[PDB]
Amino acid sequence: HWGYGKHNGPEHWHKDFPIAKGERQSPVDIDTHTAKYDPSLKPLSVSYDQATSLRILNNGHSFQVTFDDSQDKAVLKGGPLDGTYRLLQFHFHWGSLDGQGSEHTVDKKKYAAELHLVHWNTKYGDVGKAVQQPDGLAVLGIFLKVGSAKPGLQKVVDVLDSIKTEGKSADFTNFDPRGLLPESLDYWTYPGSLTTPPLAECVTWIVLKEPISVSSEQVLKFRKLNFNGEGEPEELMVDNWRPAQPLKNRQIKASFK
Ligand SMILES: [N]S(=O)(=O)[C][C][C][C][C][C]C1234B567B89%10B%11%12%13B85%14B%1158B%12%11%15B%139%12B%1061B%12%112C5%153B%14874
Ligand SMILES: [Zn+2]
């Protein structure tokens, strides 16, 4: 199966998922000087007050916290979006060292990690249906830099020892994702894709300008996870990021001057 290694990594994915070479792939480099300020973009509306987290899972490519998306409890609205998008899960991409790990880049700068909060458009009823639509998904992307600890991330970090290997999961109730957001909701937006197989071109990307800071001890715990199943040779889950893809005929828009 696909992965992030020499033999199965991003430059190989097009063989099983030919859309990898498509017209609206993600991530991209965000050239801050070429992004156009669009004064008609609305502020983003993040309503996570009623979010219900369920489980945390090592899926062999990242770890994810999954939410109850059977009602409008944690939704994303406004911004460049038409309609209501329910929060399904969040996960991260990170590096083997602090100088890489983010999928989006800003004027070619890589961050140590990138948080993706994945939402789907309720007009399509379910995520499987939504990934087949050009406005099916909205992913809120947040950069992580290394410095001060993020207190709101610690509950996550502390359970990772229990989901070390691919397929392990644990109960992960009462986690509040509001503790992962930066102060500002200023953002860049562009039409793109999933950054993992199946690389479906169904995503409105919303990438926040302001990074969150996490501690070296927090990111070090991400790097103790494993790509492999229990009983297989130990391969650390590091560098699980797709490089920037060609922008082609797309315009990146900014919410802010
Ligand atoms: N890195 S990122 O934020 O761009 C990743 C978002 C991927 C969200 C998952 C969507 C599906 B999973 B399950 B099936 B497999 B295929 B169908 B169903 B869920 B929807 C699709 B894949
Ligand atoms: Zn992601």
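Numbers below:
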read-out	value
Estimated translational D of the chain in µm²/s (Stokes, Kirkwood radius over Cα pairs; 20 °C; 1.002 mPa s)	116
Cleavage-rule hits (trypsin sites (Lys or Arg not before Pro)) in the range 104-202: DSSP loop, at most 11 neighbouring Cβ within 10 angstrom	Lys108
Residue-count net charge about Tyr48 - beta-carbon cut-off 10 Å; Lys, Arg +1, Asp, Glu -1	0
Two-decimal ratio, the range 1-98, of alpha-carbon radius of gyration to 2.2 N^0.38 Å	1.39
Bins of 10 Å from zero: percent of alpha-carbon pairs in the range 66-146	19, 40, 28, 12, 0
Long-range amide H partners of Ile30 with built H, under 5 Å	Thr105, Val106, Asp107, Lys108
Sum of side-chain charges, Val159 neighbourhood, beta-carbon under 11 Å (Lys, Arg +1; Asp, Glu -1)	+2
Options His116, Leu144, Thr84, ranked by Cα towards positive dipole end of the range 29-181, top entry (Cβ charges)	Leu144
Kirkwood hydrodynamic radius over Cα pairs of the range 161-255, then Stokes diffusion coefficient at 37 °C and 0.692 mPa s, in µm²/s	197
Inter-label distance for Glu217 and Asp72, nm, one decimal - labels placed 7 Å from Cα along Cα-to-Cβ	4.2
Nearest-0.05 FRET efficiency for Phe256 and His1, computed from C-beta distance (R0 45 Å)	0.65
Rounded to whole Hz, the Karplus (6.51, -1.76, 1.60) HN-Hα couplings of the range 171-179, x for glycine and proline	5, 8, 8, 6, 8, 9, x, 4, x
Relative contact order %, the chain, counting alpha carbon pairs below 8 Å whose residues are six or more apart	27
For the range 62-205, diffusion coefficient by Stokes-Einstein and Kirkwood Rh (Cα), 4 °C, 1.567 mPa s, µm²/s	80
In sequence order, calculated HN-Hα J values of the range 220-231 (Karplus, 6.51, -1.76, 1.60; Hz; x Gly/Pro)	4, 5, 4, 6, 8, 5, 10, 5, 7, x, 4, x
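Quick note: the coordinates plus some simple rules give every number you see, no bench work behind them. With ideal geometry, Cβ positions are generated from the backbone for all residues, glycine too; neighbour counts draw on all protein chains shown.
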